[PDB]
Amino acid sequence: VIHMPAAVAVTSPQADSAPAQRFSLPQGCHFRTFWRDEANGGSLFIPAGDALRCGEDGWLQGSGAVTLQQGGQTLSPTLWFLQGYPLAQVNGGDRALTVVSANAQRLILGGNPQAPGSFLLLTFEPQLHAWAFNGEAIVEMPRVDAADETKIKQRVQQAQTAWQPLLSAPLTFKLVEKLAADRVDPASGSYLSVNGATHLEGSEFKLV
Amino acid sequence: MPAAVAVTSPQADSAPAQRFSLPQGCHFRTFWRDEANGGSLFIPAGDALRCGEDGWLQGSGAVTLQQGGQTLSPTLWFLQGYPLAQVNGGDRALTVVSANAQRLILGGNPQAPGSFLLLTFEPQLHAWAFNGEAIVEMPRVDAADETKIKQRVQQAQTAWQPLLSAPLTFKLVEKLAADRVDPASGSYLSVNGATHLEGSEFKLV
Amino acid sequence: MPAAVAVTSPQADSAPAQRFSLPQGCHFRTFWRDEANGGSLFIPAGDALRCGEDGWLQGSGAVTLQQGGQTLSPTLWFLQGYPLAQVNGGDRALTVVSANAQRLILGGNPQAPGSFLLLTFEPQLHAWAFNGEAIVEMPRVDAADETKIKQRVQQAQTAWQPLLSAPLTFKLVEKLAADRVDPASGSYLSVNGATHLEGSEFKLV
Amino acid sequence: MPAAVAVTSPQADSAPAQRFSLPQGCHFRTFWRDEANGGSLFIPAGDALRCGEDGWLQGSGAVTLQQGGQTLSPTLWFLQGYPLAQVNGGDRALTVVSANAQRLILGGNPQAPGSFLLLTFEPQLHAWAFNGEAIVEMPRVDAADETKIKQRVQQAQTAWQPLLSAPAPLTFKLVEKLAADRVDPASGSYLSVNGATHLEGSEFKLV
Amino acid sequence: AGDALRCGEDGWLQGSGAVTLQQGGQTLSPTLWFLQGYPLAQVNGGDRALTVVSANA
């Protein structure tokens, strides 16, 4: 009853090679992101405050509310800066994560010591000029090990406790033999997906 | 003390129901305005729904309705000949306070008197159906005390809920308006109850 | 002296709010004329929100509203059972001057008596929300002294800012019109406040 | 080290500008597409703009343009006979590296050599205009060091900023070699550093 | 921010400066002069004490 999950071929094309644009702050540091001008006439506002500060690495650091304004609508996401990249919906300051890949389409978050071999996937949102996390995580596990059902449960449940303290949806894990860091979908070739739940408990009112 | 509301509904259709004679002698009474419906009402044989000696259909069974190509099989409970949906109050002795083509009021819960249920006629089931509405009779003066409101409505909840199959919504009124289209007309306050959820939700990214 | 404006607003809706009964028996009160939109209101379990001995839900927590595919999670603060958004005045003993289906007036702030907050009802939230509007009661005679306008306006700002989450806008009136749709109707002057900006704007060529 | 980018822009238009002869004897030179829509360009007298001994109109004044009921009066600064909007580099000696009907490159800032400014021809002003673009010539090997990028771009800012009057911040496009003979002289840029405008004040926004 | 526009003992903002007005994604930055607190354009006579005879919308 060895039920190895069936193999899936990696079919995603190579990811955009394009380098990000620099954004120079007065105190001399950069943050790096993507901004294709679709005649947006858009504005991006970094306020002054102790939330965000220039670090000695040459990059903007910290986590604060940025104000974006395009075509009437104003958005105020709080962004966290890692290696000069603005990230939404994830904040991992006291850990020391690594950006495995960053480009105009998506960014891969790695180097969580509490569960190596797992990765977060953030998709670029041009409306925010930032990468945002939406729940998608990759778990690197050999297909041989994925026959054992308690092994699957152990790996995905390790990654879930290793990442959730940094989160602000529940997680969805795609198991793959190897991260496809060079391709548009780094999950291309995933052989199984494990979805998690959010616990509800309270009182619903629904008017007749 | 809550502020008074005047009774504004017109009074209800005068029309009597139509009788439906079963082969064993009994009748069930309901409303069927034939808009050239050409529909079917099937009362299944079997000990479930049966004739009682007062001459009315009794019990709770699945009635089969067919109209314009589709079939619905709602399980209906009969009281005094009337087809009722979403309520089965067999253990108790309930009374139909009013019944017309628009609505039926179900009273007679000894566990909470003063409390009535409102059932609305659904012409596709030829039955009246409970969807959550309840009318509790309470004096406004007593409604100044909040503890009293709570007591009265929780009495009614514990009294009616075992017989119900939406949460309950209680409209307090000074006196039931049994003669009018809305028996709650003149209601001066509404208390809505909750449904407790507890579990795991899966929503895909 | 600024010129008088006559009060032109009609009287506000007389209807009381609907009650919402929790498991421990306490109420919260708000407005919901279901537009048959099948909305959902979720009170989570936790210490943030708790029933109190007054018979009202108390505290400040995230309430989840769901409607026609929508999900919103405004975190609301409950005062005298009313759910209020964008203001949280826990420490102080504020008073609800008036509440109805259109707007709610927040009063009884001791650090700036004569000042009131105006919150407008937001039906997709089933709660009253703060958007910046404050009313200031001042005789028109004193409103000649410009220094006095500035004293009263900046008294309220310092007394209401702490309990807030837009900047403030004060509408001066001789008499709060607590019974009408626009309690500020009859206002003779408006002072709008500023938000300080300081940062670095990026704007792509 | 940043990855090389190939120069993909075509060669720029060869056409020379048209001369416009002033009474006291000097020219200014610009482009007037033969739309012959019937437009008017007025150089006022009064010594704000004057003829110089190089033979070119010089100085900074409001030039009045009139086309189809519309009157535009931009204040233009004249360098080497070319009308420039949003820039006034008087104390300095700047050079026009290239000038065509599409764009003008301004160089010669001694405080930051290697930096250039790109101005775009606006056919309604019959002049070229600064909108915020600058090109910094830097090798990619040196651009591997991040401290060097920041040095070069801040040098360029301090050197060019006082001469500007544009309603936009500065955007630097780094390239190994200026493409002065192409439509986009920044074509081949391998990195872009965008600058900010400092705001500080009171915003009013009514409910 | 700046000394161009400033508050005075009159209780009114005094000075002549650029007030950035932004709407419809269009940004207008007029240089306005303030008399009796009123924002005025194309006219600047600060060192004179002129009189506002009527101000309406």
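Chains as they are written, first to last, in the numbering used here: chain D, 287 to 494; chain F, 20 to 224; chain L, 20 to 224; chain C, 44 to 250; chain W, 80 to 136.
For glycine and all other residues, C-beta sits at the position ideal for the given N, C-alpha and C.
| Reduced DSSP secondary structure (H/G/I, E/B, other) of residue 175 (chain F) | helix
| query | Helix, strand or coil: how does DSSP classify residue 439 (chain D) here? | reply | helix
| Any Cβ of chain L within less than 8 Å of the Cβ of residue 312 (chain D)? | yes
| For the beta strand (DSSP E) that residue 338 (chain D) lies in, which residues bound it at each end? | 338-340
| residue 121 (chain W) by DSSP, collapsed to three states: which one? | coil
| query | Of all Cβ atoms in chain B, is any one closer than 8 Å to the Cβ of residue 79 (chain L)? | reply | Looking for chain B here will not work: the only protein chains present are D, F, L, C and W.
| request: Assign residue 250 (chain C) to buried or exposed, taking buried as 16 or more other Cβ atoms, counted over all protein chains shown, within 10 Å of its Cβ. | output: exposed
| Whose C-beta lies closer than 6 Å to the C-beta of residue 116 (chain F) among residues of the same chain, with five residues either side of it excluded? | 124, 126, 197
| Whose C-beta lies closer than 6 Å to the C-beta of residue 43 (chain F) among residues of the same chain, with five residues either side of it excluded? | 70
| What are the start and end residues of each continuous beta strand (DSSP E) run of 3 or more residues lying completely inside the region 408-432 of chain D, in chain order? | 416-426
| message | Using the Cβ count rule (16 or more neighbours within 10 Å means buried), how would you classify residue 91 (chain F)? | response | exposed
| said: Looking at chain L, is there any beta carbon in it that lies within less than 8 Å of the beta carbon of residue 150 (chain F)? | reply: no
| query | To the nearest whole angstrom, what separates the beta carbons of residue 168 (chain F) and residue 175 (chain F), a pair I think is in contact under 8 Å? | reply | Incorrect: roughly 11 Å between the Cβ atoms, too far for contact.
| If we call anything under 8 Å between Cβ atoms a contact, is residue 158 (chain C) one with residue 179 (chain C)? | yes
| request: Return the bridge partner residues of residue 39 (chain L) from the DSSP annotation. | output: F:211, L:47
| request: Just mark residue 164 (chain L) as buried or exposed, buried being the case when its beta carbon has 16 or more other beta carbons within 10 Å. | output: exposed
| Contact residues within the region 160-194 of chain F, judged by C-beta distance below 8 Å to chain D | 185, 186, 188
| query | If you run the structure through DSSP and keep just helix, strand and coil, what is residue 226 (chain F)? | reply | Only positions 20 to 224 of chain F appear in this structure, which leaves residue 226 (chain F) out of reach.
| C-beta neighbour in chain C for residue 320 (chain D), strict 8 Å | no
| task | Establish whether the CB of residue 307 (chain D) and some CB of chain C are separated by less than 8 Å. | result | yes
| task | Compute the beta-carbon to beta-carbon distance between residue 233 (chain D) and residue 334 (chain D), rounded to the nearest angstrom, for a pair I have assumed lies under 8 Å. | result | There is no way to answer for residue 233 (chain D), as the model of chain D reaches only from 287 to 494.
| query | Of the residues C:107, C:233, C:136, which one's Cα is nearest the Cα of residue 154 (chain C)? | reply | C:136
| query | If you scan the region 50-96 of chain L from start to end, which runs of the beta strand (DSSP E) of 3 or more residues do you find wholly inside it? | reply | 59-63, 68-70, 76-81, 83-86, 89-91
| Using a Cβ-Cβ distance under 8 Å, would residue 298 (chain D) count as near chain F? | no
| Is it true that the region 210-223 of chain L meets the region 30-45 of chain L, where meeting means three or more beta-carbon pairs spaced less than 8 Å apart? | no
| message | Can you check whether the C-beta of residue 236 (chain C) is within less than 8 Å of a C-beta belonging to chain D? | response | yes
| task | Mind checking the region 83-112 of chain W against chain D and listing, in chain order, the residues whose C-beta falls within less than 7 Å of any C-beta there? | result | 104
| field | Euclidean distance between Cα positions of residue 427 (chain D) and residue 458 (chain D) | value | 15 Å
| 8 Å Cβ cutoff met for residue 488 (chain D) and residue 296 (chain D) | no
| Do we get a CB-CB distance below 8 Å when we pair residue 165 (chain C) with the residues of chain W? | no
| query | Rounded to a whole number of angstroms, what is the C-alpha to C-alpha distance between residue 49 (chain L) and residue 53 (chain F)? | reply | 43 Å
| Contacts that residue 239 (chain C) makes with chain D (C-beta to C-beta distance below 8 Å) | 309, 310, 311, 312, 332
| query | Along chain D, in chain order, which residues have C-beta atoms closer than 7 Å to that of residue 182 (chain C)? | reply | Those do not exist, as residue 182 (chain C) stays about 16 Å from chain D at its closest Cβ, beyond 7 Å.
| message | Could you check whether residue 177 (chain C) and residue 222 (chain L) sit closer than 8 Å to each other, using their CB atoms as the reference points? | response | no
| Rounded C-alpha distance that separates residue 353 (chain D) from residue 420 (chain D) | 20 Å
| request: Could you tell me whether the Cβ of residue 221 (chain L) comes closer than 8 Å to any Cβ of chain D? | output: yes
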